[PDB]
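Beneath this line is the structure, given in structure tokens, with notes to follow.
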Ligand SMILES: [Ca+2]
Ligand SMILES: [Ca+2]
Ligand SMILES: [Ca+2]
Ligand SMILES: [Ca+2]
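Protein chains in written order, with the entry's author numbering: chain B, 1 to 240; chain A, 1 to 240.
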């Protein structure tokens, strides 16, 4: 289809169109990307991702069209530790994508250690909300929590300073305009605090014609819950 | 998801979210539900169907919500003869539905011979465009071409006289309002000729909470092409 849209105001336990990978599962009308014990407390060494089952037609070679898409979502992070890790990400990748071997911790369940920074060995665009930046392990990160745009590498093409707020929902709007090739990110907390970051990128040179979209999160030695609360997505092919 | 929408202005050969059953296939940017030869002419004894891969949440027991949906599509029928058969139908059924054994000809690929008229043995709602009504083989049909609404039986609960026009596309709008429980059908030819039929039905007592939607067509000894040209669908769970 040239156009596709779906909306999850909440996530009831009875799901049919989501692909669960790793430890991801539904609990209390929300998606818990990373594993939690019986008490709902976060645990270390966990990775999980979800993908919408229907494939999205991102671009079409034969007609020279590229999709205009928007993804609106909300999530919250919680941890008794002073340094919850590692972060959550909205991503776009090939339909057959699976959790790479050894992609836990700072790799956010998106990249393999051996090629995490080799832009030629990957096909993925992601918007990350990174809370762990230890300069001895995450050598590619700026020294502070941040929002980053990733294109085929864990070392973001760009980042902006962001504040982690335990237990507070962050609303995010990610949009892509094929005319200007701008990928825009706008995130806000309930008190009005706003964060914005933008990057120009031609998706045709990075991703195949058909892709799947979803979320990924992970925790290494340090941990926190990564709770996806709602998600709406729309995409339509346009002439460019 | 509480809401789902998709639109196929045309049908390119590169499809990823369609389930093909029987003889259905993409050809010339359209879906040919029934088999055709090399030159493009219809053949006898053929059945074919397509279904969208993502499941639709028709109703939810917990919240007591029922979906409001709309399906818009266009198709054309062509035959060297004048007695083209058997017809095409838009249908809604359980996700694992498959072509019943011996459902060719007048059963439109939707019902099995032994239970075609047993309402307690089926789970399907369909809107049929029936062009063949010979009383010896289709004992359940009125004696003239028609559009009908089928609820768990090949014997329509409501029908309206219709005119078959070889080679001309018919534009159709099917809508279901959970507030009134009315299933309305409006079909029109480019010159303005309009046909209408409706029926009150409680989808909750006929179909499961999650379903799949698609089209079916068949040709017995008499034949004609059943070409699906475009299709758009939208559904939203409402609190009525
Ligand atoms: Ca990090
Ligand atoms: Ca980072
Ligand atoms: Ca008939
Ligand atoms: Ca009939």
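For every residue, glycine included, the Cβ atom is placed at its ideal position computed from N, Cα and C.
In chain A, what lies closer than 8 Å to residue i by C-beta?
i            : result
residue 8(B) : 1 and 2
Rounded to whole angstroms, what is the Cα-Cα separation between residue i and residue j?
i              : j              : result
residue 202(A) : residue 181(A) : 6 Å
residue 33(A)  : residue 57(B)  : 23 Å
residue 6(A)   : residue 129(B) : 30 Å
residue 224(A) : residue 135(A) : 19 Å
residue 9(B)   : residue 78(B)  : 21 Å
residue 15(A)  : residue 70(B)  : 22 Å
residue 176(B) : residue 236(B) : 11 Å
residue 221(B) : residue 62(B)  : 48 Å
residue 172(B) : residue 192(B) : 12 Å
residue 145(A) : residue 132(A) : 7 Å
residue 102(B) : residue 217(A) : 50 Å
residue 196(B) : residue 92(B)  : 20 Å
residue 109(B) : residue 167(B) : 23 Å
residue 292(A) : residue 3(A)   : The structure shown does not extend to residue 292(A), since chain A is modelled only from 1 through 240, so no value can be given for it.
residue 141(A) : residue 60(B)  : 45 Å
residue 120(A) : residue 114(A) : 13 Å
residue 232(B) : residue 73(B)  : 6 Å
residue 208(A) : residue 88(B)  : 35 Å
residue 244(A) : residue 95(A)  : Outside the shown range of chain A (1 to 240) lies residue 244(A), about which nothing can therefore be said.
residue 80(B)  : residue 219(B) : 14 Å
residue 64(A)  : residue 234(A) : 20 Å
residue 126(A) : residue 1(B)   : 22 Å
residue 187(B) : residue 174(B) : 9 Å
Chain B partners of residue i, CB-CB under 8 Å?
i             : result
residue 30(A) : The premise fails here: residue 30(A) is roughly 15 Å from chain B at the closest Cβ pair, so nothing lies under 8 Å.
Note down, in chain order, each residue of its chain lying with its Cβ closer than 8 Å to the Cβ of residue i, except the 5 sequence neighbours on either side.
i              : result
residue 97(A)  : 51, 124 and 212
residue 270(B) : Examination of residue 270(B) is not possible in this model, given that chain B is present from 1 through 240 alone.
residue 227(B) : 30, 31, 32, 33, 75, 76, 77 and 78
So, for residue i: in the same chain, excluding its five sequence neighbours on each side, which residues have a beta-carbon less than 7 Å away from its beta-carbon?
i              : result
residue 179(B) : 240
residue 199(B) : 149, 157, 158 and 183
residue 22(A)  : 47, 48, 49, 99 and 109
residue 189(B) : 165, 168 and 170
So that I know if they touch, is there some Cβ in chain B lying closer than 8 Å to that of residue i?
i              : result
residue 171(A) : no
residue 54(A)  : yes
residue 5(A)   : yes
Does any CB atom of chain A fall closer than 8 Å to the CB of residue i?
i              : result
residue 210(B) : yes
residue 16(B)  : yes
Quick one: what's got a C-beta closer than 6 Å to residue i's C-beta in the same chain, skipping five residues either side?
i              : result
residue 13(B)  : 26
residue 138(B) : 106
residue 155(B) : 117 and 140
residue 204(B) : 59
Within the present structure, is the beta-carbon of residue i separated from the nearest heavy atom of ligand 5 by less than 7 Å?
i             : result
residue 37(B) : Ligands in the displayed structure: ligand 1, ligand 2, ligand 3 and ligand 4; ligand 5 is not one of them.
Secondary structure, alpha helix (DSSP H): runs of 4+ residues fully inside the region 16 to 101 of chain B: none
Residue ranges of each alpha helix (DSSP H) within the region 115 to 185 of chain A, 4 or longer: none
Within the region 191 to 235 of chain B, ranges of the beta strand (DSSP E) (whole runs, at least 3 residues): 194 to 200 and 210 to 219
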